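There are 2 protein chains.
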Amino acid sequence: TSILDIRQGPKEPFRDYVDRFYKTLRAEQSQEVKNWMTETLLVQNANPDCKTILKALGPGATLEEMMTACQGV
Amino acid sequence: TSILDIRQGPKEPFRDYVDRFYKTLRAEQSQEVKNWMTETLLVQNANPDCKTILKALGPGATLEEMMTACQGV
Numbered sequence: 148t149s150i151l152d153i154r155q156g157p158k159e160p161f162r163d164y165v166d167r168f169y170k171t172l173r174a175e176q177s178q179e180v181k182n183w184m185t186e187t188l189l190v191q192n193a194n195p196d197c198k199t200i201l202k203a204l205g206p207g208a209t210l211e212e213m214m215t216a217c218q219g220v
Numbered sequence: 148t149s150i151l152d153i154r155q156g157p158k159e160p161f162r163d164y165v166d167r168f169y170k171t172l173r174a175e176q177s178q179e180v181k182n183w184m185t186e187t188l189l190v191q192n193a194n195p196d197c198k199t200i201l202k203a204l205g206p207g208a209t210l211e212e213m214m215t216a217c218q219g220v
């Protein structure tokens with residue numbers, strides 16, 4: 148599993164979810180999670196007009212691509 | 148400013164927002180943003196019942212506190 152895949156169940160004790168979360172998080176490579184982190188925040192904090200184009204780019208877009216797509220707004 | 152405070156305006160060119168974002172991000176301490184990152188994901192991915200208590204704890208709760216509060220679900 149990837150870190151973004153770990154959902155807690157609704158019959159799963161919270162400590163058991165937290166342990167799953169963290170085993171996965173540790174097996175994730177620090178640099179991957181970091182960029183996913185920071186891009187997620189960057190998109191989430193962009194104005195409503197840009198934010199649209201940004202999500203309409205699908206997963207994994209580069210910063211260059213993000214900025215290319217938002218020209219003129 | 149903190150990283151979580153950088154909102155893009157609706158008259159702000161996207162490249163200018165991205166530059167603000169990143170100057171702030173760089174001035175943030177790596178360890179702070181990381182924990183904020185990972186707790187945010189952990190909360191966001193918790194079941195609807197737990198997730199409630201977790202947000203009802205307010206900003207900055209410890210993992211210990213998070214798990215303490217979710218006992219029995």
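Which chain is which? The protein sequence lines are A and A', in order. A prime marks a further copy of an entry chain. Sequential numbering of the first sequence, starting at 148, is according to the authors' numbering. Sequential numbering of the second sequence, starting at 148, is according to the authors' numbering. Even for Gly, the Cβ is constructed at its ideal location relative to N, Cα and C.
- With contacts defined by Cβ atoms closer than 8 Å, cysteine 217 (chain A) and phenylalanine 161 (chain A') form a contacting pair.
- Remark: C-beta atoms of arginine 154 (chain A) and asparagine 192 (chain A') approach each other more closely than 8 Å.
- Contact with chain A is absent for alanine 208 (chain A'), since none of that chain's Cβ atoms lies less than 8 Å from the residue's Cβ.
- Within the segment 166-212 of chain A', complete alpha helix (DSSP H) segments of at least 4 residues are found at 177-191 and 195-202, given in chain order.
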